[PDB]
Every structure is written in C-alpha cells, then in structure tokens.
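A quick write-up on the structure given underneath.
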Amino acid sequence: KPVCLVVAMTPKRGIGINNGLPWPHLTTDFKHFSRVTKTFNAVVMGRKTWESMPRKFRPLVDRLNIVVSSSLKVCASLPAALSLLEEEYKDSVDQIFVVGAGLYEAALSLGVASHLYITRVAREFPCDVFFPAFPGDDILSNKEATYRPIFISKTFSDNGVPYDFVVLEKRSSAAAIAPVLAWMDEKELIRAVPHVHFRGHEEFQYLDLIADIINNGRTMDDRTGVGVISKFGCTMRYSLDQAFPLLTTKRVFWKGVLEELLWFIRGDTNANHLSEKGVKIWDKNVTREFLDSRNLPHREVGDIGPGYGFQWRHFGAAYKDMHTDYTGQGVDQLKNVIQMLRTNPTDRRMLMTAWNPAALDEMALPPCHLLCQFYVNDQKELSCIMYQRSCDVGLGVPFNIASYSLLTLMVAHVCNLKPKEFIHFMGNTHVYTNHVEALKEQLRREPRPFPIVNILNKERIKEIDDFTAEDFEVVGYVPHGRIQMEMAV
Amino acid sequence: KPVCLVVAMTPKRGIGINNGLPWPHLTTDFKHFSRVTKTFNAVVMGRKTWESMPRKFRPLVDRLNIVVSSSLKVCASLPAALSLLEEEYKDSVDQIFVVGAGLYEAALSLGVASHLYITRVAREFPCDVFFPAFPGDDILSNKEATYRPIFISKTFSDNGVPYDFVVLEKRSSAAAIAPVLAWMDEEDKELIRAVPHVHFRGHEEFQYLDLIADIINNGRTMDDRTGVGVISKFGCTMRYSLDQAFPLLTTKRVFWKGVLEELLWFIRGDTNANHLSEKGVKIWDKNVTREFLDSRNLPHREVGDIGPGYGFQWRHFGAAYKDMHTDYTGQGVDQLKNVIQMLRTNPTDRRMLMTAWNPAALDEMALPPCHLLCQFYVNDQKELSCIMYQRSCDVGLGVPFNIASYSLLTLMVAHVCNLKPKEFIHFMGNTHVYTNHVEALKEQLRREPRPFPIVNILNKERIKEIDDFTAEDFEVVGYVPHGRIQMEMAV
Ligand SMILES: NC(=O)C1=CN([C@@H]2O[C@H](COP(=O)(O)OP(=O)(O)OC[C@H]3O[C@@H](n4cnc5c(N)ncnc54)[C@H](OP(=O)(O)O)[C@@H]3O)[C@@H](O)[C@H]2O)C=CC1
Ligand SMILES: NC(=O)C1=CN([C@@H]2O[C@H](COP(=O)(O)OP(=O)(O)OC[C@H]3O[C@@H](n4cnc5c(N)ncnc54)[C@H](OP(=O)(O)O)[C@@H]3O)[C@@H](O)[C@H]2O)C=CC1
Ligand SMILES: Nc1nc(N)c2nc(CNc3ccc(C(=O)N[C@@H](CCC(=O)O)C(=O)O)cc3)cnc2n1
Ligand SMILES: Nc1nc(N)c2nc(CNc3ccc(C(=O)N[C@@H](CCC(=O)O)C(=O)O)cc3)cnc2n1
Ligand SMILES: Nc1nc2[nH]c3cccc(Sc4ccccc4)c3c2c(=O)[nH]1
Ligand SMILES: Nc1nc2[nH]c3cccc(Sc4ccccc4)c3c2c(=O)[nH]1
Ligand SMILES: O=c1ccn([C@H]2C[C@H](O)[C@@H](COP(=O)(O)O)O2)c(=O)[nH]1
Ligand SMILES: O=c1ccn([C@H]2C[C@H](O)[C@@H](COP(=O)(O)O)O2)c(=O)[nH]1
Numbered sequence: 003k004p005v006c007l008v009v010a011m012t013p014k015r016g017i018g019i020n021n022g023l024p025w026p027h028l029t030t031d032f033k034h035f036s037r038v039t040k041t074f075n076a077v078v079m080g081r082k083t084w085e086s087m088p089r090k091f092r093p094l095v096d097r098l099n100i101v102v103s104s105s106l107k126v127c128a129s130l131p132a133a134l135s136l137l138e139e140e141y142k143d144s145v146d147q148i149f150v151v153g154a155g156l157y158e159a160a161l162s163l164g165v166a167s168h169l170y171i172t173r174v175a176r177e178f179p180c181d182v183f184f185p186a187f188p189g190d191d192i193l194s195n196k224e225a226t227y228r229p230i231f232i233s234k235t236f237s238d239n240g241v242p243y244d245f246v247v248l249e250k251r285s286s287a288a289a290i291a292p293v294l295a296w297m298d299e308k309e310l311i312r313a314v315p316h317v318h319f320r321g322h323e324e325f326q327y328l329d330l331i332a333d334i335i336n337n338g339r340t341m342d343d344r345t346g347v348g349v350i351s352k353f354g355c356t357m358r359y360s361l362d363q364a365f366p367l368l369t370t371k372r373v374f375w376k377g378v379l380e381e382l383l384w385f386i387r388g389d390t391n392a393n394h395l396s397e398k399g400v401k402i403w404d405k406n407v408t409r410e411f412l413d414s415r416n417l418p419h420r421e422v423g424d425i426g427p428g429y430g431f432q433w434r435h436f437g438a439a440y441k442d443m444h445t446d447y448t449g450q451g452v453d454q455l456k457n458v459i460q461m462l463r464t465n466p467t468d469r470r471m472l473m474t475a476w477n478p479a480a481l482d483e484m485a486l487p488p489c490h491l492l493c494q495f496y497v498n499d500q501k502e503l504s505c506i507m508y509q510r511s512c513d514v515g516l517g518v519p520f521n522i523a524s525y526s527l528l529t530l531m532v533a534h535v536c537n538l539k540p541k542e543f544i545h546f547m548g549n550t551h552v553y554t555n556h557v558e559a560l561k562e563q564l565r566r567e568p569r570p571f572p573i574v575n576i577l578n579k580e581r582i583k584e585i586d587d588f589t590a591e592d593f594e595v596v597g598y599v600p601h602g603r604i605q606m607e608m609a610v
Numbered sequence: 003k004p005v006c007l008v009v010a011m012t013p014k015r016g017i018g019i020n021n022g023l024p025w026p027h028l029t030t031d032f033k034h035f036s037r038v039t040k041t074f075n076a077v078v079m080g081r082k083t084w085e086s087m088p089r090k091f092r093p094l095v096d097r098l099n100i101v102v103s104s105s106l107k126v127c128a129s130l131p132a133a134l135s136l137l138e139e140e141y142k143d144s145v146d147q148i149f150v151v153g154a155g156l157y158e159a160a161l162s163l164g165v166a167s168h169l170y171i172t173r174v175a176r177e178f179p180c181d182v183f184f185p186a187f188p189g190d191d192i193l194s195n196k224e225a226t227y228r229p230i231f232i233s234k235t236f237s238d239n240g241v242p243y244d245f246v247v248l249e250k251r285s286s287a288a289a290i291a292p293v294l295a296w297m298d299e300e301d308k309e310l311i312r313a314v315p316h317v318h319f320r321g322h323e324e325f326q327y328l329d330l331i332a333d334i335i336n337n338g339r340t341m342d343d344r345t346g347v348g349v350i351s352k353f354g355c356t357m358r359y360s361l362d363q364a365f366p367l368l369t370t371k372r373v374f375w376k377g378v379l380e381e382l383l384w385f386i387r388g389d390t391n392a393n394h395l396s397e398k399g400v401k402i403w404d405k406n407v408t409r410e411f412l413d414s415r416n417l418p419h420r421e422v423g424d425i426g427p428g429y430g431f432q433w434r435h436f437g438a439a440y441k442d443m444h445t446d447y448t449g450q451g452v453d454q455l456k457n458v459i460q461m462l463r464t465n466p467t468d469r470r471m472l473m474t475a476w477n478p479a480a481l482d483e484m485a486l487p488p489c490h491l492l493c494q495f496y497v498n499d500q501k502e503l504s505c506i507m508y509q510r511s512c513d514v515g516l517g518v519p520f521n522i523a524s525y526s527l528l529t530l531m532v533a534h535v536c537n538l539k540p541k542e543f544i545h546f547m548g549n550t551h552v553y554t555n556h557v558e559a560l561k562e563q564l565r566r567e568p569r570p571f572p573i574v575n576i577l578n579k580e581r582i583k584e585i586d587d588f589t590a591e592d593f594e595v596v597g598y599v600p601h602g603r604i605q606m607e608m609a610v
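Chains as they are written, first to last, in the deposited numbering: chain A, 3 to 41, 74 to 107, 126 to 151, 153 to 196, 224 to 251, 285 to 299, 308 to 610; chain B, 3 to 41, 74 to 107, 126 to 151, 153 to 196, 224 to 251, 285 to 301, 308 to 610.
Dropping the structure here:
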C-alpha cells in the first residue's frame, strides 16, 4: 500500500489560489504529471481539486479516479479511500497517487506516503492554499521520519517560470574480460550530497568538480603563499535556453557580476568606478602595496593597467593611465565579433582575446579568463566558449560562469539570436587550502532551481554599448546562504 | 570444454627466439599473464615452452600444469590433454588455458578456442617461432569462424617496448524514479559507431573515433569559408597520456615527417613555407599560392610567405612584420623562451602560456591560426602537462596531425626543462568534418586501433635548449598504422 504525493509548489509551499493554480501554464510540468501517474494506476483528489479541473479533462483518462468529498455523487475520507483500493482493485491497481491540501496533510499525518514528487516552482506567486510544512522542507527554501531527495532534475521553464522536478523518499559472453579489468583497476572520498542518485541539475558539474579536486588533486604552492590543491584541464557546460546558471548552493554576488561586465564592455580600467558602487572585487589587487609588488609604483591606486576590457575594445593600443581616452585606438574585438555574428555567422574566427604578452607586465593581474569564442548554428542559436587559465573554484568560478553566460545573453540579443550554451574551459583549476572546510559544507547542500535572467527594455537596446545596470531582472533566485571565503591576494 | 589461448606477439605474429622471448622484460605483461591464469585453473604448454621458463618459477604455482611432449615424465598431444582434464579434474579445475606455437596451431584447428588473450607487442624483434595465421589477424598488422576483438586496452610500456592487451572472441528507489527518467529520455537515425563489437574501449584513440561518430550523428550541417560545407559541433575535448607511449594515431597513417618539420619550423620563428615545401612537406602550399594571397588582399607578399603567423608570434609576438627574409632577433616577445624560463625556475606559476592569436596582425596573415593557445602545468612529481586550444578543427585531416604536433612539443619542452611528459589535453572550438570526407571517415571507423608507438629523443646529451633539436633527433618506434586514406584539403 505505499502511496506517493504529486505536487507543484512555490518556495513558500504555495499550491493554489481561488480554487485554481497560482502560476500561468507549465507545459512540461503537465507532461511530467501525465507520465508519472500512468504506467492501471490510481489517482486520488480532494473535493475542490476535482472542480479546479476543466470538464473535458475531468475524468483523468487511463487512470482510476477517486474524489474524497462527503457531498457529491468516491469516498468519505483518505483512510476509507485506501480501503476501496485494497478491497476491490487489488488486481491491476499498481501504485497509487494523491494529487489538494488537507488531502496532502491527511496523508502526511497518517504517514502512508513513501515518496514525494515535487515540482519546485522557483517564483513566488500569490497563494491562499499551502502544502503542509514537513521535514526535508529545506529542499524548497532556507526556512524521527524525514524526506531526503533522491532525484533532482535539470531546470526547465515555461511562460517566464523556472522549475525543477525532485523526488523525495521517507528514510562467459564477456565475464572472461573481467580478470583483465580486475588487475587494471584499484582515502575517504567526499561526494556532493551522496543520497541523490539521479543528478540532472547542471550545478552538479560544479559540485562534482569540487569533489574531484579535493579527492584527486595534488597539493601545491603558489604566488599567493596560501597553498592550493589543483588539477589541470577541466570542463563544464551550462545550458542557457531555459534558465540561467546562477549558482544556488551559495548566493552569488549578482550585482558585482553585472557591474564588472558593464565595466569590461566600456573598456574601463579604473577599479574605483567598481568600488564606488560597492563592488570591491578588484580592490586588493589595485592597492599601492600590490602595484608596487608588481613593479608599478607609477600607477595610481585603482588602475588595473591595460587589462581585460581594454584589450577587448582596444587591443594593442599604447596604455597611459585610467583617465585617458582610447576611442579609435587598437582593435575593437567585441564590435568585430558582433559584426561577423550579424553578417556572417558561419565564420570560425569569432574570438576575443584578453591575452597580450606585449602588455602583461603593465597589468595589475594577468587575465584569468583570457579567450572566448562564439558559434551560431542553423537555428540561430548562439553558444560561447571561454578559456580560463587559472580558476579559483571556491570564489571566482561561480562568478565567472555567471559573467560569461550573461555576456552570451547580451550578444545573442543584439544579434537577433537565441542564447543556447555556455562552455567552460579551465586550465589550472584550484581550491585554496583555507577554503576546504567551507566547500565541504557547500557539498552538503542540494541545489535549487536556476533562475531566469530577463533583459528589460529589449526595444531600446540595439548595440552592446546600450546596456545599463538597470536592464536585467533576475527571476526566481532562491539560493542557500552566503558562505564567506577570503580572497588569496 | 571451452579453451582460452594466452599469447604475446609481435606485429608479424612473432613469439620466440632460441627457446626464449624476443623482447626484453615486460613487467605488466607478466602481471597480466599471472592474473589471467589464476582465479584452480589449468595451464597447458608444449615441451619447449616448459624448458623456456626458469626453474624457480617452473611448475607455475597455484595452477595445474600440463606439458605436451613425447620425451618427458604430461600427455602425448592436445586431444589427450583435454581428455585428461575431463576424466579426472572435473572438480575445482575451472577454466583451461593454452600458453607454445603448434600447441596454438593444434588448438585453432581443433576449433576449441573460445577467446584469445593477445598481448600486442608493437616492435619487431628477431623471431624464429611464429603464432599461426588466423582469421582476424588484421588486429596485428596490415597482412568460416572469425576471432573478433571485444576488448582493447590503453598502451603500456616497459624497457622501450610499447604494447596493448586485446581479447578476441570466436563468432525500491529505482522503480519510483523510472517514470520521471522515462519521459526525459523520450523526446528526442541509424547511429554510426566506431568498431561497435569492441565493448571495453580503453585505447585512448577511441576518443578520436567517437568524436567522428558524434559529429556525424549529432552535428549540424553548415556553410563555410571554403564553399565545401561541413558538419559541426562546438566545444569538444580529448586527452592523451604521454608517460607510456605517444598518441600517433593508428587508424590511418599520420605524416610524421610533416609533424616534425612543421614544429621545428615553428620553433625557429620561420614564415617561409618554401622551406617546408623543399623538404617534401607541402601542407602549407595551397594556402600561400599567388592566387590565395591576393584573395586575402596581400598582393605585396612573395609566394610562400605565411605572414606574421604561428612561429612568428611565438618567438616575436607583436614585432612589426616585413617579409619572410628579414631578421627579427630581439624584436617582440619570445613567449617560448619565457615559458621555458618559467618552467625551469617557477613550476607553480599559472601564467605559462603562449598564444599566436594577435588581432593586430590577423589581416596580415595568410591564415588566422587554428591552434591558437597552449598552456603548461607541472605537478608535484615533476610531470609536465599541456593544453592546446584550437578554434577550428578539421577532424579528418588536421586533428590527428595537431595531436601529434603538440604532443611532440610537450616532449621537447619536458626534456629541456628536466621534467617527465605526462599528458596532452586537447580543447576544441569549432569541430568539423568536411562533407567530402564523410565516406572515408566511415571506412576509418571500421578499423580497430593498434598500440601507440614510443617516440624517443636521440642525442639527449647534446640537447640543452629548445632551439638545439633538429630533424634527425627523433625516432618513432613500433608504429604500425592502417593504410593511408586520401582526403583532399578544403582550400
Ligand atoms: N499545484 C498543486 O500541486 C496542486 C494545487 N491544487 C490547488 O489547491 C486548491 C485545492 O486544494 P484545497 O483548497 O486544499 O482543497 P482540496 O482539493 O483538498 O479539497 C478539500 C475538500 O476535500 C475533502 N477533504 C480534504 N481533507 C479531508 C479530510 N481530511 N477528511 C474529510 N474530507 C477531506 C473535504 O470535502 P468535503 O467538503 O466534502 O468534506 C474538503 O472540503 C486549488 O487552488 C487547486 O487549484 C490542487 C492540487 C494540486
Ligand atoms: N610470447 C609468447 O606468447 C610465448 C612465446 N613462447 C616461445 O615460443 C618458443 C616455444 O614455442 P615452440 O618453439 O613452438 O615449441 P613448443 O613449446 O610448442 O613445444 C614444441 C614441442 O612440444 C611438443 N609439441 C608441440 N606440439 C605438439 C603436438 N601438436 N603434438 C605432439 N607434441 C607437440 C613437441 O615435443 P616433443 O619433442 O617432446 O614431442 C615439440 O617438439 C620459445 O621461444 C618460447 O619462449 C612460448 C610461449 C608463449
Ligand atoms: N507536479 C504537478 N504539477 C501539476 N500541475 C499538478 N497539478 C495538479 C492538479 N491540477 C491539474 C491541472 C490540469 C490537469 C489536467 O487537465 N491534466 C492533464 C494534462 C495532460 C497533459 O497536458 O499532458 C492530464 O493530467 O493528463 C490536471 C490536474 C496536481 N498535481 C500536480 N503536480
Ligand atoms: N601473454 C603472455 N605473455 C607471456 N610473457 C607469456 N609467457 C609464456 C612463457 N614464458 C614465461 C616465463 C616466465 C613466467 C613466469 O615465471 N611467470 C610468473 C609471473 C609472476 C608475476 O609477475 O606475476 C607467474 O605467472 O607466476 C611465465 C611464463 C607463455 N605465455 C605467455 N603469454
Ligand atoms: N583569489 C582570487 N582573486 C581574484 N581576483 C579577482 C579579480 C576579479 C574577479 C575575481 S572573481 C571573484 C571576485 C570576488 C569574489 C569571488 C570571485 C577575482 C578573484 C578571485 O575570484 N579569486
Ligand atoms: N582544411 C584544412 N586546411 C588546412 N590548412 C592548413 C594549413 C596548415 C596546416 C594544416 S594542417 C594539415 C595537415 C595535413 C594536411 C593538410 C593540412 C592545414 C589545414 C588542414 O589541416 N585542413
Ligand atoms: O575571474 C577571475 C579572475 C581571477 N581569478 C583568480 C584565479 C587565481 O587563483 C587568481 C590568481 O591568478 P594567478 O596569477 O595565480 O593566475 O586569479 C579567478 O579565479 N577568476
Ligand atoms: O593546424 C591546423 C590548421 C588549420 N586547420 C584547419 C581548420 C579549419 O577547417 C581550416 C580553416 O578554416 P577556418 O579556420 O579558416 O574557418 O583550417 C586545422 O584543422 N588544423
């Protein structure tokens, strides 16, 4: 008699309003709902849930229906509705399904539910009916039997609404090839949330990367003196067609991403412009003491030299200081990339580099993310690869995933393309030794659905220089807590 | 009654000389032989094989030994051996292994052999005893039941000898999740696969072969610069191990002399393609004709001048280009010197990179670099690894050549920096097969890989700097590729 709950709920456990659904139509959720409930199977719904459904759908085709009212033409309650399933139906009736509140809370208190099939809607919506609070509730937001997630899907979206699917549970042909495999094969491996067998969420790539570097990396020294554990040659890829990979296992500093990127695009080399908006990510690397450690006593405090964005907009131009005007100097790699994207998308030379050996000594830091390449296919879908030489997995990586994915949206939009994928290529890939305990905590967190990032005022924005800080909404971002990690300078 | 043969052979099926083994000691192969034959099992050998084995090892421990001979103290033939095994031994005797020539040929004629366990020694050695010709032979060299390979390992080595293991054969919570998986598979013809019969695909060349299947089945058809038209994917990865052997691909013959000459040309900083052409390496010629130079708006270029590309940017990044005849010594950044310098002094530095992509000089080049960046890494055991990023990749023609080129550079660099080469890592942008290469590539996919060769640097003693290497300082050892497959270059 094991029973399974099938629900869609917002992060605050919201499920409905005005005897109806809080959110516009979720197509894929519906496909999911259909498939799960038939393989005959029994669905069991509360009085009012039956009404919510439009009549042409009301008898749920190819499934035994049950309503639990006391006033309609069908059982008196849930315990008596289980009886009906044992008494008759014992033949054919495979697994059962409960599909409104009060019928959910009924099933929880009577403790007959072994599994929960939960569509996590990432947005909050006005609601007047809620799913009961339960142990394992953390899977929804930051709010002895308990419900442990065993499955977590990729992020989907419909009508501007991001959503995940999770499932929670109460807690000699070629055997004569084996002796050879045996001898070819081989202390305590950490794994990100080991209880999740089916790891669809694309954020597992980042969580499994962290595990790999800690289990199989090699302890090394470095420029900073802090010490690392590293690997070399690592790969992640993030899909941009449904959702946006803003990491959920720790809050990513979104404003910083978006400001630094707009700062790159103007070709600005004054870190003070970032700092004065409360984005201090450059400050430790442009202090007097650090410019002097870089043999650049002539540099003003804040001046990053001819770095990142200077090279994007003015490659090979002679650098002076951060107040000087370079308009018309060097190669504008960004405009050329866009022009080629608009006029000839099959060209294979759509690249932008930040690596200029002639100028490395003049920069505060040698660039980390130093190359990106764009690719269009035959459906007008755009993808981007970025090659990063040196990757602080703790701190920089999540920020960088966001940064370059956002640039892919920005470029897709001015070129009249749909963004498809971000491909992340990593060289020296390291975890600072003093971030390890923090990262082990992070690996005990189950990811939440990815948000969507929208571009507002699309009508106004025609060229890449037209974007401002106020032209993006992040929708449905529900991360776990910030985890503090000190920057190795 | 099924039997298994266990052998090690050269490419010409050579197994013995002077009642001994042809090659120096192969440790892993001995491990392999021991682990396969005990799990009690019986081994069956010919008299002369019994006598090959040193005496301290002689009765092979923990195995029933049977010798076929007519002189000793033991059965008179193979049929007689298999009778022995059935009459007594039916208990605890699990599998039976045949381990000399002529015992191998009797076992193949009788037809009682179900699996062959063949260790493929990649070098030839003087041999006076051979393993019989058998259908499936083609796994060894370019020389009805057939023995088809089902398992093919990675390449190993010991004492300067590269080798493979292949195996031939005669011819609660799950339940609940199943439905949610079921619909995420559904949405979304006849898949092409490289040697599908091969179930355990350790040979690192399966990376290249599976990359060709993947582009063909899942890539999108597009136009391009050339007019020829391609199938493409975006963002592809391979990695090749360098500690044991060298990834010179075996499913078609790769042009070693071209790899090596071009790489040396790169290191010199040379931009004259005539110097390549004059040594019988014409890979640059179609891209430096008078005709191709004008279609690039460079009528002032002498035929063969590739402009300030590859090696020019490596040795003189940003220097002002004139022509292929000028001396640039001292001008621009010598990225290669710097990388080496950093590897010798500071192996944990994370800025060990070299790029040929210079957007200020791209129009002046005949061709924008394809392989445009490489970065180096040293771990805690003095092992050098290398990543190269290639923006555009002709999977049919250039990729194998590109794999060998940067792998060789890795060796060259590791040697002058006193490191051991470990791994070459290939990062690929626009990754594509030309449409007129497809039929040929599908043929190529029917060919199982052979063990990789080793590349030795000769005259290590005299070679202290990167500019010291010449064409005569390398040997390729044990290279046994399949035939060339002619594929024309899309101009
Ligand atoms: N997104 C989702 O996952 C889902 C959302 N919904 C939404 O939620 C709302 C419907 O849920 P809700 O309002 O809670 O109403 P329900 O559908 O749970 O129906 C409540 C009625 O069912 C009967 N009932 C429920 N529990 C008991 C009990 N323990 N003992 C006896 N009878 C019981 C009663 O009928 P009687 O009055 O006859 O005694 C009660 O009036 C709608 O807005 C609907 O759209 C519904 C299903 C799923
Ligand atoms: N690398 C490898 O895979 C292996 C290599 N080897 C090498 O091969 C050589 C040994 O092979 P090889 O020279 O062929 O000799 P074998 O070991 O096959 O033995 C030859 C002798 O065994 C007996 N014999 C063999 N076949 C028959 C038969 N069909 N019927 C009756 N008696 C038979 C005969 O002994 P009698 O004179 O008593 O009648 C014959 O003279 C050595 O150099 C050895 O190191 C051996 C094993 C493995
Ligand atoms: N995870 C999740 N997501 C939900 N939306 C959900 N909704 C409810 C209740 N609300 C309903 C709304 C519409 C229908 C309806 O007409 N459905 C057709 C759709 C067929 C198709 O489109 O394939 C069907 O069932 O074949 C049924 C119930 C209960 N649990 C739920 N759980
Ligand atoms: N594929 C293959 N490779 C071969 N070399 C091979 N050689 C022969 C004959 N030559 C032999 C010489 C010495 C031994 C010996 O003392 N071996 C130890 C290894 C101990 C260990 O390291 O475990 C053992 O097994 O305990 C065994 C065989 C026959 N078939 C063969 N087949
Ligand atoms: N060790 C370390 N040094 C960094 N310097 C940066 C400069 C700009 C952006 C970044 S990315 C970043 C910035 C703030 C917080 C996390 C990543 C870094 C960065 C980083 O991530 N790690
Ligand atoms: N389509 C295609 N065009 C090429 N132009 C080249 C110029 C120099 C080296 C190369 S590599 C190469 C290796 C073997 C044969 C031809 C080119 C290419 C090359 C290639 O491989 N494919
Ligand atoms: O976007 C960025 C910029 C910088 N870094 C960090 C990675 C290195 O830990 C740090 C120092 O660079 P190196 O000089 O060590 O490469 O820069 C990032 O991770 N992401
Ligand atoms: O080492 C090389 C050099 C060139 N090419 C090929 C890849 C491209 O198919 C062709 C030129 O096309 P574009 O990169 O120009 O699109 O050069 C390679 O594959 N490998």
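Where is the CB? At the ideal position from N, CA and C, for every residue including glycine.
**OP:** Pick helix, strand or coil for residue 142 of chain B, following the three-state DSSP scheme.
**Re:** In the second sequence, the residue the question calls residue 142 of chain B occupies position 90. Residue 142 of chain B: coil per DSSP, three-state reduction.
Original post:
Listed from N- to C-terminal order along the chain, which residues in the stretch 314 to 347 of chain B have their beta-carbon within a distance smaller than 9 Å of any beta-carbon of chain A?
Top reply: 318, 319, 321, 339, 340, 341, 342, 343, 344
Original post:
Just to check, is the beta-carbon of residue 33 of chain B closer than 7 Å to a non-hydrogen atom of ligand 4?
Top reply: Start at 1 with the first residue of the second sequence, and residue 33 of chain B comes out as number 31. Residue 33 of chain B: yes, Cβ under 7 Å from ligand 4.
Original post:
Does the count of Cβ pairs from the stretch 445 to 457 of chain A and the stretch 428 to 435 of chain A closer than 8 Å reach three?
Top reply: yes
Original post:
Per DSSP, residue 408 of chain A is paired with what?
Top reply: Position 287 of the first sequence, counted from the start, is the residue given in the question as residue 408 of chain A. Beta-bridge pairing links residue 408 of chain A to no other residue.
Original post:
Based on Cα-Cα distance, which residue from B/515, B/398, B/455, B/188 lies nearest to residue 251 of chain B?
Top reply: Here residue 251 of chain B is taken as the residue at index 171 of the second sequence, counted from 1. It is B/188.
Subject >> Opening and closing residue of the beta strand (DSSP E) in which residue 540 of chain A lies >> reply: Within the first sequence, numbered from 1, the residue matching residue 540 of chain A stands at position 419. From DSSP, the beta strand (DSSP E) with residue 540 of chain A extends over 539 to 553.
**OP:** Check whether the Cβ of residue 513 of chain A sits closer than 7 Å to any heavy atom of ligand 7, and report yes or no.
**Re:** Residue 513 of chain A sits at position 392 when you count from the first residue of the first sequence. Residue 513 of chain A Cβ: within cutoff of ligand 7.
Original post:
Looking at the unbroken beta strand (DSSP E) that takes in residue 339 of chain B, where does it start and where does it end?
Top reply: Against the second sequence, residue 339 of chain B aligns to sequence position 220. Here the beta strand (DSSP E) through residue 339 of chain B covers 339 to 341.
Original post:
When the Cα of residue 164 of chain B is compared with those of B/232, B/392, B/227, B/300, which residue comes out closest?
Top reply: As a first step, residue 164 of chain B must be located in the second sequence, where it is residue number 111. Comparing Cα positions, the closest option is B/227.
**OP:** To the nearest angstrom, report how far apart residue 479 of chain A and residue 473 of chain B are at their CA atoms.
**Re:** Residue numbering aside, residue 479 of chain A sits at position 358 when the first sequence is read from its first letter. Residue numbering aside, residue 473 of chain B sits at position 354 when the second sequence is read from its first letter. When rounded, the distance between both Cα atoms is 12 Å.
**OP:** Spell out the partners DSSP gives residue 250 of chain B in its beta bridges.
**Re:** Here residue 250 of chain B corresponds to residue number 170 of the second sequence, with the count starting at 1. Answer is B/227, bridged to residue 250 of chain B.
Original post:
Residues in the stretch 470 to 494 of chain A with C-beta within 7 Å of chain B's C-beta atoms, listed in sequence order?
Top reply: 470, 472, 474, 476, 478, 479, 487, 492, 494
Original post:
Looking only at DSSP bridge pairs, what is residue 473 of chain B linked to?
Top reply: Here residue 473 of chain B is taken as the residue at index 354 of the second sequence, counted from 1. Answer is B/493.
Original post:
Within this structure, are the beta carbons of residue 339 of chain B and residue 350 of chain B separated by less than 8 Å?
Top reply: Your numbering for residue 339 of chain B matches position 220 in the second sequence. Your numbering for residue 350 of chain B matches position 231 in the second sequence. Yes, Cβ-Cβ distance for residue 339 of chain B and residue 350 of chain B is below 8 Å.
Subject >> For residue 438 of chain A, three-class secondary structure by DSSP >> reply: Here residue 438 of chain A refers to the residue found at position 317 of the first sequence. Coil, per DSSP.
**OP:** Go ahead and pull the three-state DSSP assignment for residue 447 of chain B.
**Re:** Taking the second sequence and counting its residues from 1, one reaches residue 447 of chain B at position 328. Looking at residue 447 of chain B - three-state DSSP - the assignment turns out to be coil, as it is neither helix nor strand.
**OP:** Please compile the residues from chain B whose C-beta is within a distance smaller than 8 Å of the C-beta of residue 292 of chain A.
**Re:** Here residue 292 of chain A refers to the residue found at position 179 of the first sequence. In chain order: 37, 38, 41.
**OP:** Within its chain, find whatever has a CB closer than 6 Å to the CB of residue 377 of chain B; leave out the 5 residues flanking it on each side and keep chain order.
**Re:** Within the second sequence, the letter at position 258 stands for residue 377 of chain B. Same-chain partners within the cutoff: 400, 402.
Original post:
Would you say residue 526 of chain B reaches chain A, if we count a Cβ-Cβ gap shorter than 8 Å as a contact?
Top reply: Position 407 of the second sequence, counted from the start, is the residue given in the question as residue 526 of chain B. With 8 Å as the cut-off, residue 526 of chain B does not count as an interface residue toward chain A.
**OP:** Can you tell me which of B/567, B/558, B/587 puts its alpha carbon nearest to the alpha carbon of residue 579 of chain B?
**Re:** Locating residue 579 of chain B in the second sequence gives position 460, counting from the first residue. Residue 579 of chain B has its Cα closest to that of B/587, out of B/567, B/558, B/587.
**OP:** With a threshold of 7 Å, establish whether the CB of residue 609 of chain B neighbours any heavy atom of ligand 6.
**Re:** The residue labelled residue 609 of chain B in the question sits at position 490 within the second sequence. Under cutoff, so the answer is yes.
Subject >> Residue closest to residue 550 of chain B, alpha-carbon to alpha-carbon, out of B/407, B/337, B/366, B/244 >> reply: For this step, residue 550 of chain B is matched to residue 431 along the second sequence. The residue with the shortest Cα to Cα distance from residue 550 of chain B is B/337.
Original post:
Going along chain A, which residues have a C-beta under 9 Å from residue 556 of chain B?
Top reply: Numbered from 1 along the second sequence, position 437 holds the residue referred to as residue 556 of chain B. The premise fails here: residue 556 of chain B is roughly 16 Å from chain A at the closest Cβ pair, so nothing lies under 9 Å.
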